[PDB]
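Q: Structure for the following, please:
(one chain, ligands or ions: 1)
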Amino acid sequence: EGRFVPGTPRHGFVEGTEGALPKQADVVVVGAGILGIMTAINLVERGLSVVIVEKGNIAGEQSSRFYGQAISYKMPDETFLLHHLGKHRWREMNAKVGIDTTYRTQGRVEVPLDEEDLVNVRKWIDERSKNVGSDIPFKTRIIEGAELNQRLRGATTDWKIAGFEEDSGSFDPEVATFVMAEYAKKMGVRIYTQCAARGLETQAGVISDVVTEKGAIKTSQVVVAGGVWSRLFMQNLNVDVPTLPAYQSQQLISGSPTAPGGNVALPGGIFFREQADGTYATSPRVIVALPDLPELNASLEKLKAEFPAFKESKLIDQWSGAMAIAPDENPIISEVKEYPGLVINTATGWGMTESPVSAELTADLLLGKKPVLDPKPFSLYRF
Ligand SMILES: Cc1cc2nc3c(=O)[nH]c(=O)nc-3n(C[C@H](O)[C@H](O)[C@H](O)COP(=O)(O)OP(=O)(O)OC[C@H]3O[C@@H](n4cnc5c(N)ncnc54)[C@H](O)[C@@H]3O)c2cc1C
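A: Residues are numbered from 1 along each chain as shown. Right below this line is the structure:
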């Protein structure tokens, strides 16, 4: 609510395409969150017409409710490159749109929980450094002393060591996906809001239509990017998508001239991230019952105790978001053997970060192209 500011770039509303639902589209995308939008953009670049159908408003669910960090820290081999390349593409994004998405290369310091955690993060960095798997330089390393002290300036606790993802990204949920949606519209993606996809029709084993509440659109190619609803949508087509719900709370507070900047993660559940306008995202837990109102207030109190720079900061907004996560915590970016011409791009807790690459992979899978990354760890049939 209060985090969105009407009549500014933080308005948080992009209108759907006007007029009647088109009779045909080369690809129909279900869902106008980041995954549907980014996939649509990728497909239009390949010369295909794209229509997105969205049951509510553009970017109305996970893709405007996120914490806002783009990180590869601790990612397993299955998703490391998805994140590493995702960040690299986010670093190109303001230049690609020519409008500020709020993406910033910010840097992130995470103090380990204990000696065991420090052993584990050191091994993780060492192993990745020995085989990055990309020519994009890796910029994560352990820091101490002056460099650490500068990143944690004004901290009450004498923190001694941290993992520093120097090129961690930041993006703000009041802006990023909305800028991407407007860009998609400018590129010719047509996006119909208040327009739920109900199902499909087929002819001779080929998709013929996406059936919406506003009528049918002719197509033989479908991307399911329905966020938490992807399981439900696929169940109506007799296909099981294993996801389970997860929930996370978020807060936004006003800035301070003495706040340290950056992205910080500390023992005692202290997490904050400076937004592009100098406000700060924070929460009692940012990586998966929701915290109650006393816990949320207490989270701000311990933030302020650790960083007195925030003592006079005002609570701008406080909200919660629903995710849907696969059993192994990795995305589902997959063909569906039951429906040739249909692909799924969903089931991720890191979709903002991953989206530029999962969009490409989704399109590759749809079109039968040599895929950008190994698709096996994202298959629907891995469980
Ligand atoms: C609280 C929270 C914090 C997060 N923090 C981060 C972070 O710091 N960094 C990061 O990278 N990621 C983060 N994530 C994850 C990221 O926000 C999601 O992975 C990503 O937004 C998912 O995008 P999506 O397009 O799949 O889903 P959504 O944005 O939820 O979009 C799916 C859309 O599909 C529509 N839809 C569903 N069914 C239908 C239908 N039948 N017909 C038409 N439309 C339909 C929905 O209305 C919705 O708009 C966070 C998520 C949450 C909830």
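
Q: all contacts plus neighbour counts: C-alpha atoms, from now on.
A: OK.

Q: Can you classify residue 377 as helix, strand or coil?
A: At residue 377 the chain is in helix, as set by DSSP: H, G, I helix; E, B strand; the rest coil.

Q: My read is that it contacts residue 78, right?
A: Yes - here residue 377 reaches residue 78: they are 6.0 Å apart, a contact under CA atoms under 8 Å.

Q: The two: which is more packed in?
A: Taking neighbours as other CA atoms under 10 Å, residue 377 and residue 78 compare with residue 377 leading, 19 against 16.

Q: the helices in this structure, which residues?
A: 34-45, 77-90, 93-97, 115-130, 145-151, 176-186, 230-235, 293-306, 351-367 (DSSP state H).

Q: Reformat these as JSON lines; add distance to the ligand.
A: Below are the helices of the chain laid out as JSON lines (distance: least, CA to the nearest ligand atom, whole Å):
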{"stretch": "helix 34-45", "distance to the ligand": "4"}
{"stretch": "helix 77-90", "distance to the ligand": "9"}
{"stretch": "helix 93-97", "distance to the ligand": "15"}
{"stretch": "helix 115-130", "distance to the ligand": "20"}
{"stretch": "helix 145-151", "distance to the ligand": "19"}
{"stretch": "helix 176-186", "distance to the ligand": "9"}
{"stretch": "helix 230-235", "distance to the ligand": "6"}
{"stretch": "helix 293-306", "distance to the ligand": "14"}
{"stretch": "helix 351-367", "distance to the ligand": "3"}
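
Q: Including distance to residue 253, could those go into CSV?
A: Shown next, in CSV, are the helices of the chain (distance: least, CA to CA, whole Å):
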stretch, distance to residue 253
helix 34-45, 24
helix 77-90, 25
helix 93-97, 25
helix 115-130, 30
helix 145-151, 19
helix 176-186, 18
helix 230-235, 33
helix 293-306, 9
helix 351-367, 21
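
Q: Quick check: neighbours shared by residue 377 and residue 78?
A: The contact sets of residue 377 and residue 78 overlap at residue 330 (CA atoms under 8 Å, 6 or more residues apart in numbering).

Q: Quick one: name the residues of the stretch 101-250 of the chain near the ligand.
A: 196, 197, 198, 225, 226, 227, 229, 233, 248, 249 (CA under 6 Å from any ligand atom).

Q: Mind doing that once more with 5 Å?
A: By CA under 5 Å from any ligand atom, the residues of the stretch 101-250 of the chain that approach the ligand are 196, 197, 226, 227, 229, 248.

Q: burial count for residue 227?
A: Residues lying near residue 227 (other CA under 10 Å) number 26.

Q: Please disregard the earlier target; I meant residue 74.
A: Neighbours around residue 74, by other CA under 10 Å: 13.

Q: now residue 254
A: Neighbours of residue 254 (other CA under 10 Å): 18.

Q: Quick check: it touching residue 276?
A: No - counting by CA under 8 Å, residue 254 does not reach residue 276; the two are 12.0 Å apart.

Q: Skip the chain neighbours and tell me the closest residue to residue 68.
A: Using CA to CA, 6 or more residues apart in numbering and skipping the chain neighbours, the partner closest in space to residue 68 is residue 171 (5.0 Å).

Q: which ones are touching that neighbour?
A: So residue 171 contacts 68, 69, 70, 101, 102, 103, 104, 275, 276 (CA under 8 Å, 6+ apart).

Q: dump the residue contacts of the last one.
A: Shown here is residue 276, whose contacts under the criterion CA under 8 Å, 6+ apart are 102, 103, 104, 171, 172.

Q: at 10 Å instead, please
A: Applying CA atoms under 10 Å, 6 or more residues apart in numbering, we find residue 276 in contact with 100, 101, 102, 103, 104, 106, 170, 171, 172, 175.

Q: likewise residue 45?
A: Contacts of residue 45 (CA under 10 Å, 6+ apart): residue 187.

Q: Could you measure from it over to residue 206?
A: In this structure, residue 45 and residue 206 are 24 Å apart, going by CA to CA, to the nearest Å.

Q: Residue 358 touches residue 38, doesn't it?
A: Yes - between residue 358 and residue 38 there is a contact under CA atoms under 10 Å: 8.5 Å.

Q: Neighbour count: these two, which is higher?
A: For residue 358 and residue 38, the more surrounded residue by other CA under 10 Å is residue 358, and the numbers stand at 28 against 24.

Q: Residue 199 - how many residues pack around it?
A: 15.

Q: er, residue 117 actually
A: For residue 117, using other CA under 10 Å, the count is 12.

Q: What of residue 1?
A: There are 10 residues near residue 1, going by other CA under 10 Å.

Q: Please apply the same query to residue 21.
A: So residue 21, with other CA under 10 Å, has 18 neighbours.

Q: picking that back up, which of the contacts of residue 276 sit farthest apart?
A: Farthest-apart pair in those is 106 and 175; separation 16.9 Å (CA to CA).

Q: Neighbour count for these two, which is higher?
A: Between residue 106 and residue 175, counting by other CA under 10 Å, residue 175 is the more crowded of the two (24 against 21).

Q: I'd guessed that one sits against residue 103; true?
A: Yes - when contacts are counted by CA under 10 Å, residue 175 is listed as touching residue 103 (9.5 Å).

Q: ok, now how distant is residue 307 from residue 121?
A: 25 Å.

Q: got a list of what residue 44 touches?
A: 26, 27, 50, 184, 187, 188, 189.

Q: List buried members of those by neighbour count.
A: 26, 27, 50, 184, 188, 189 (16 or more other CA atoms under 10 Å).

Q: how about these, which pair is most distant?
A: Every pair of the buried ones among the contacts of residue 44 checked by CA to CA; the farthest is 26 and 184, at 15.5 Å.

Q: Quickly list what the closest residue to residue 282 other than its chain neighbours is bridged to.
A: Once flanking residues are discounted, residue 282 sits nearest to residue 272: 4.4 Å by CA to CA, 6+ apart. Beta bridges link residue 272 to residue 264, residue 282 when assigned by DSSP bridges.

Q: can you check residue 318 too?
A: residue 251.
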